[PDB]
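Q: Input model-v6.txt, format and content: compact mmCIF, N, CA and C atoms.
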```txt
# COMPACT_ATOMS: atom_id res chain seq x y z
N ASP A 52 58.50 58.96 112.63
CA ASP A 52 58.39 59.13 114.08
C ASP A 52 57.02 59.70 114.46
N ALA A 53 55.99 58.93 114.10
CA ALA A 53 54.63 59.28 114.51
C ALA A 53 54.39 58.87 115.97
N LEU A 54 54.45 57.58 116.25
CA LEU A 54 54.35 57.02 117.60
C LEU A 54 53.32 57.78 118.44
N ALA A 55 52.09 57.78 117.95
CA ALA A 55 50.98 58.46 118.63
C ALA A 55 50.36 57.62 119.73
N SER A 56 50.91 56.43 120.01
CA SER A 56 50.38 55.53 121.03
C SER A 56 51.40 55.28 122.13
N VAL A 57 52.06 56.34 122.60
CA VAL A 57 53.02 56.25 123.68
C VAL A 57 52.37 55.56 124.87
N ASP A 58 53.16 54.82 125.65
CA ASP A 58 52.62 54.08 126.78
C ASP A 58 51.90 55.01 127.75
N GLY A 59 52.64 55.92 128.37
CA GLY A 59 52.04 56.86 129.30
C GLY A 59 51.11 56.18 130.27
N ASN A 60 49.86 56.63 130.29
CA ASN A 60 48.81 56.05 131.11
C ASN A 60 47.73 55.47 130.20
N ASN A 61 46.81 54.72 130.80
CA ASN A 61 45.72 54.11 130.04
C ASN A 61 44.46 54.17 130.89
N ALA A 62 43.54 55.06 130.54
CA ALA A 62 42.26 55.18 131.24
C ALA A 62 41.31 55.96 130.36
N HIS A 63 40.21 55.33 129.95
CA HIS A 63 39.21 55.99 129.13
C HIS A 63 37.85 55.34 129.35
N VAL A 64 36.81 56.16 129.29
CA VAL A 64 35.44 55.70 129.48
C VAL A 64 34.63 55.98 128.23
N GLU A 65 35.29 56.01 127.08
CA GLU A 65 34.63 56.26 125.81
C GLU A 65 33.98 57.64 125.80
N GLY A 66 34.77 58.68 126.04
CA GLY A 66 34.27 60.04 126.04
C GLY A 66 35.02 60.92 127.02
N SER A 67 34.30 61.81 127.70
CA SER A 67 34.88 62.70 128.70
C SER A 67 36.12 63.41 128.15
N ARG A 68 35.91 64.16 127.06
CA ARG A 68 36.97 64.92 126.42
C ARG A 68 38.10 63.98 125.97
N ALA A 69 37.77 63.16 124.98
CA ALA A 69 38.73 62.21 124.43
C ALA A 69 40.05 62.89 124.10
N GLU A 70 41.12 62.10 123.96
CA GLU A 70 42.48 62.62 123.92
C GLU A 70 42.68 63.71 122.87
N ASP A 71 41.79 63.82 121.88
CA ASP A 71 41.84 64.92 120.92
C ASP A 71 43.24 65.07 120.34
N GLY A 72 43.66 64.12 119.51
CA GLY A 72 44.99 64.13 118.93
C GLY A 72 45.42 65.50 118.45
N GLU A 73 46.73 65.73 118.43
CA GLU A 73 47.31 67.05 118.17
C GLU A 73 48.09 67.04 116.86
N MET A 74 47.52 66.39 115.85
CA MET A 74 48.11 66.33 114.51
C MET A 74 49.54 65.77 114.57
N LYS A 75 49.65 64.58 115.15
CA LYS A 75 50.94 63.89 115.18
C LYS A 75 51.55 63.73 113.80
N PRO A 76 50.79 63.42 112.74
CA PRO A 76 51.39 63.32 111.40
C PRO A 76 51.85 64.66 110.86
N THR A 77 52.25 64.67 109.59
CA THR A 77 52.79 65.85 108.90
C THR A 77 53.87 66.53 109.75
N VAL A 78 54.85 65.72 110.14
CA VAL A 78 56.10 66.20 110.72
C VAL A 78 57.17 66.02 109.65
N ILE A 79 56.74 66.07 108.39
CA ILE A 79 57.60 65.71 107.27
C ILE A 79 58.92 66.47 107.33
N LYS A 80 59.99 65.81 106.90
CA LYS A 80 61.32 66.39 106.78
C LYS A 80 61.60 66.72 105.32
N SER A 81 62.83 67.15 105.05
CA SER A 81 63.23 67.49 103.69
C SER A 81 64.73 67.77 103.67
N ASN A 82 65.27 67.85 102.46
CA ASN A 82 66.67 68.17 102.25
C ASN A 82 66.85 68.66 100.81
N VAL A 83 68.06 69.12 100.51
CA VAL A 83 68.37 69.70 99.22
C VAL A 83 69.21 68.71 98.43
N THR A 84 69.36 68.96 97.13
CA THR A 84 70.22 68.18 96.25
C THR A 84 71.38 69.03 95.76
N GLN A 85 72.58 68.46 95.79
CA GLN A 85 73.79 69.11 95.34
C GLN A 85 74.08 68.76 93.89
N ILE A 86 74.82 69.65 93.23
CA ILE A 86 75.22 69.48 91.84
C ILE A 86 76.74 69.50 91.77
N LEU A 87 77.30 68.56 91.03
CA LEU A 87 78.74 68.43 90.87
C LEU A 87 79.08 68.41 89.39
N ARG A 88 80.16 69.10 89.03
CA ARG A 88 80.58 69.20 87.64
C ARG A 88 82.09 69.32 87.58
N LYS A 89 82.62 69.17 86.37
CA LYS A 89 84.04 69.35 86.10
C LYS A 89 84.25 69.26 84.60
N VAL A 90 85.29 69.92 84.11
CA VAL A 90 85.55 70.03 82.68
C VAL A 90 86.87 69.34 82.36
N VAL A 91 86.96 68.81 81.14
CA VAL A 91 88.15 68.09 80.69
C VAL A 91 88.68 68.77 79.43
N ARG A 92 88.50 70.09 79.34
CA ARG A 92 88.93 70.86 78.19
C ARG A 92 90.30 70.39 77.70
N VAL A 93 90.44 70.33 76.37
CA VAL A 93 91.68 69.90 75.73
C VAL A 93 92.37 71.13 75.16
N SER A 94 93.68 71.23 75.37
CA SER A 94 94.44 72.36 74.87
C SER A 94 94.30 72.47 73.35
N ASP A 95 94.60 73.67 72.84
CA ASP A 95 94.48 73.92 71.41
C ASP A 95 95.64 73.33 70.62
N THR A 96 96.88 73.59 71.06
CA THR A 96 98.05 73.10 70.36
C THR A 96 98.47 71.71 70.82
N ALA A 97 98.52 71.47 72.13
CA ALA A 97 98.86 70.15 72.66
C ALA A 97 97.64 69.24 72.56
N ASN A 98 97.32 68.89 71.31
CA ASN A 98 96.16 68.06 71.00
C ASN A 98 96.51 67.14 69.85
N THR A 99 95.77 66.04 69.74
CA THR A 99 95.98 65.06 68.68
C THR A 99 97.38 64.47 68.75
N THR A 100 97.86 64.21 69.97
CA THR A 100 99.20 63.70 70.19
C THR A 100 99.15 62.21 70.52
N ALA A 101 100.19 61.49 70.12
CA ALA A 101 100.31 60.08 70.44
C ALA A 101 101.02 59.90 71.78
N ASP B 52 82.62 80.47 38.48
CA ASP B 52 83.27 80.59 39.78
C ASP B 52 84.78 80.44 39.62
N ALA B 53 85.50 80.91 40.63
CA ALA B 53 86.95 80.82 40.65
C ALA B 53 87.42 80.60 42.08
N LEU B 54 88.36 79.67 42.25
CA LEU B 54 88.86 79.35 43.58
C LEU B 54 89.52 80.57 44.21
N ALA B 55 89.74 80.47 45.52
CA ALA B 55 90.33 81.57 46.27
C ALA B 55 91.82 81.69 45.97
N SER B 56 92.39 82.83 46.34
CA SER B 56 93.81 83.08 46.15
C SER B 56 94.61 82.31 47.20
N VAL B 57 95.66 81.62 46.76
CA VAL B 57 96.49 80.86 47.69
C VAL B 57 97.14 81.81 48.68
N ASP B 58 97.11 81.44 49.96
CA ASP B 58 97.73 82.23 51.01
C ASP B 58 99.09 81.66 51.41
N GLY B 59 99.12 80.37 51.77
CA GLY B 59 100.35 79.70 52.13
C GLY B 59 100.83 79.95 53.54
N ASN B 60 100.32 80.97 54.22
CA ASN B 60 100.72 81.30 55.58
C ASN B 60 99.73 80.77 56.62
N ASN B 61 99.12 79.62 56.35
CA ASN B 61 98.17 79.01 57.27
C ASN B 61 98.95 78.29 58.36
N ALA B 62 99.14 78.96 59.49
CA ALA B 62 99.85 78.41 60.64
C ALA B 62 99.02 78.61 61.90
N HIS B 63 97.73 78.28 61.81
CA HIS B 63 96.82 78.48 62.93
C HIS B 63 97.18 77.55 64.07
N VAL B 64 97.25 78.10 65.28
CA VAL B 64 97.59 77.32 66.47
C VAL B 64 96.39 76.49 66.89
N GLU B 65 96.62 75.53 67.79
CA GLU B 65 95.56 74.61 68.18
C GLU B 65 94.52 75.30 69.06
N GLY B 66 94.96 76.22 69.91
CA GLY B 66 94.07 76.83 70.88
C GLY B 66 93.39 78.10 70.40
N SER B 67 92.96 78.11 69.14
CA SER B 67 92.24 79.24 68.57
C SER B 67 90.79 78.86 68.33
N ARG B 68 89.88 79.78 68.65
CA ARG B 68 88.46 79.54 68.43
C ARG B 68 88.18 79.28 66.96
N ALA B 69 88.43 80.28 66.11
CA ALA B 69 88.22 80.17 64.68
C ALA B 69 88.74 81.45 64.04
N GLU B 70 88.67 81.50 62.71
CA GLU B 70 89.12 82.65 61.95
C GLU B 70 88.11 82.92 60.84
N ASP B 71 88.47 83.83 59.93
CA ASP B 71 87.59 84.22 58.84
C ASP B 71 87.79 83.29 57.65
N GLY B 72 87.20 83.65 56.51
CA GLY B 72 87.32 82.87 55.30
C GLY B 72 86.76 83.60 54.10
N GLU B 73 87.49 83.61 53.00
CA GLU B 73 87.08 84.32 51.79
C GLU B 73 86.24 83.38 50.93
N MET B 74 84.94 83.66 50.86
CA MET B 74 84.01 82.89 50.03
C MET B 74 83.56 83.80 48.89
N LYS B 75 84.23 83.70 47.75
CA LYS B 75 83.91 84.55 46.63
C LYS B 75 82.62 84.08 45.96
N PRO B 76 81.85 85.00 45.38
CA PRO B 76 80.61 84.61 44.70
C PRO B 76 80.89 84.10 43.29
N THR B 77 79.82 83.65 42.64
CA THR B 77 79.90 83.15 41.27
C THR B 77 79.63 84.29 40.31
N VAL B 78 80.66 84.69 39.56
CA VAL B 78 80.50 85.76 38.58
C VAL B 78 79.56 85.29 37.48
N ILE B 79 78.79 86.23 36.93
CA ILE B 79 77.76 85.95 35.95
C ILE B 79 78.09 86.69 34.66
N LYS B 80 77.80 86.05 33.53
CA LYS B 80 77.97 86.62 32.21
C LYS B 80 76.60 86.70 31.52
N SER B 81 76.61 87.03 30.24
CA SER B 81 75.37 87.12 29.48
C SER B 81 75.70 87.35 28.01
N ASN B 82 74.71 87.12 27.16
CA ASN B 82 74.84 87.34 25.73
C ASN B 82 73.47 87.73 25.18
N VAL B 83 73.35 87.74 23.86
CA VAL B 83 72.10 88.09 23.19
C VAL B 83 71.95 87.19 21.97
N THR B 84 70.70 86.83 21.66
CA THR B 84 70.40 85.98 20.52
C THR B 84 70.05 86.82 19.31
N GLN B 85 70.59 86.43 18.16
CA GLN B 85 70.34 87.11 16.90
C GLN B 85 69.31 86.34 16.09
N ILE B 86 68.53 87.09 15.31
CA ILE B 86 67.45 86.55 14.50
C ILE B 86 67.82 86.74 13.04
N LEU B 87 67.99 85.64 12.32
CA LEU B 87 68.28 85.64 10.90
C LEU B 87 67.04 85.23 10.11
N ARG B 88 66.98 85.70 8.87
CA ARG B 88 65.83 85.42 8.02
C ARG B 88 66.28 85.39 6.56
N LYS B 89 65.70 84.47 5.80
CA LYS B 89 65.95 84.36 4.37
C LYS B 89 64.62 84.16 3.67
N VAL B 90 64.28 85.06 2.76
CA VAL B 90 62.99 85.06 2.08
C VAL B 90 63.16 84.55 0.66
N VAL B 91 62.07 84.02 0.10
CA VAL B 91 62.06 83.51 -1.26
C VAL B 91 60.70 83.81 -1.87
N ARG B 92 60.71 84.18 -3.15
CA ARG B 92 59.49 84.57 -3.86
C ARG B 92 59.62 84.09 -5.30
N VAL B 93 58.81 83.09 -5.66
CA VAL B 93 58.81 82.53 -7.00
C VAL B 93 57.36 82.37 -7.46
N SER B 94 57.13 82.59 -8.74
CA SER B 94 55.78 82.48 -9.29
C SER B 94 55.36 81.02 -9.39
N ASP B 95 54.07 80.77 -9.21
CA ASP B 95 53.55 79.41 -9.33
C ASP B 95 53.80 78.84 -10.72
N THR B 96 53.81 79.70 -11.75
CA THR B 96 54.11 79.24 -13.10
C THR B 96 55.49 78.60 -13.15
N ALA B 97 56.50 79.30 -12.62
CA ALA B 97 57.85 78.75 -12.61
C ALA B 97 57.95 77.54 -11.70
N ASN B 98 57.24 77.57 -10.56
CA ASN B 98 57.27 76.43 -9.65
C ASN B 98 56.69 75.18 -10.31
N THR B 99 55.71 75.35 -11.20
CA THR B 99 55.11 74.21 -11.88
C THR B 99 55.93 73.76 -13.08
N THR B 100 56.55 74.70 -13.79
CA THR B 100 57.38 74.34 -14.93
C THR B 100 58.55 73.47 -14.47
N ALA B 101 59.17 72.79 -15.43
CA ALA B 101 60.31 71.92 -15.15
C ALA B 101 61.36 72.12 -16.22
```
Once you've parsed the file, please lay out its structure as structure tokens.
A:
Amino acid sequence: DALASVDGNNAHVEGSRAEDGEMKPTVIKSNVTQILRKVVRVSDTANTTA
Amino acid sequence: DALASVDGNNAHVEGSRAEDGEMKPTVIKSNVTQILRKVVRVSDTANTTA
């Protein structure tokens, strides 16, 4: 979402305090990563069963 | 070396981490070497005679 060329108005004479952009870029976003786990532990006695 | 003493009461359940164990060392023996000697002394005269 840079869109530094919004319609607005249009009038310039190549100078006279040019629009002097306001650092439209570096609006970077971010997010985190989740971790999921689970165990399938096998009982000690109820093991090796058919 | 000598094997361990029979226990016979090995009824470990499935849900046990672990147990101990008797690891006997190798017993060592030893002896000594004897030195035997037999000497002989005969005159060259007798050695030459027949």
Q: Find the residues of chain A in contact range of chain B, meaning any atom within 7 Å when counting all atoms listed in the file, and list them as a ChimeraX atom specification.
A: /A:94-98
Q: Grab the CA of residue 52 (chain A) to CA of residue 69 (chain A) distance for me, in Å with one decimal place.
A: 22.4 Å
Q: Let me make sure I understand: if you superpose chain A onto chain B using all C-alpha atoms paired in order, what RMSD in Å results?
A: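 C-alpha RMSD after optimal superposition stands at 3.5 Å.
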Q: Please measure the separation of CA of residue 61 (chain B) and atom C of residue 99 (chain A), giving the value in Å to one decimal.
A: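 A separation of 18.5 Å between them.
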Q: State, in Å with one decimal place, the distance from atom C of residue 60 (chain B) to CA of residue 78 (chain B).
A: 26.8 Å
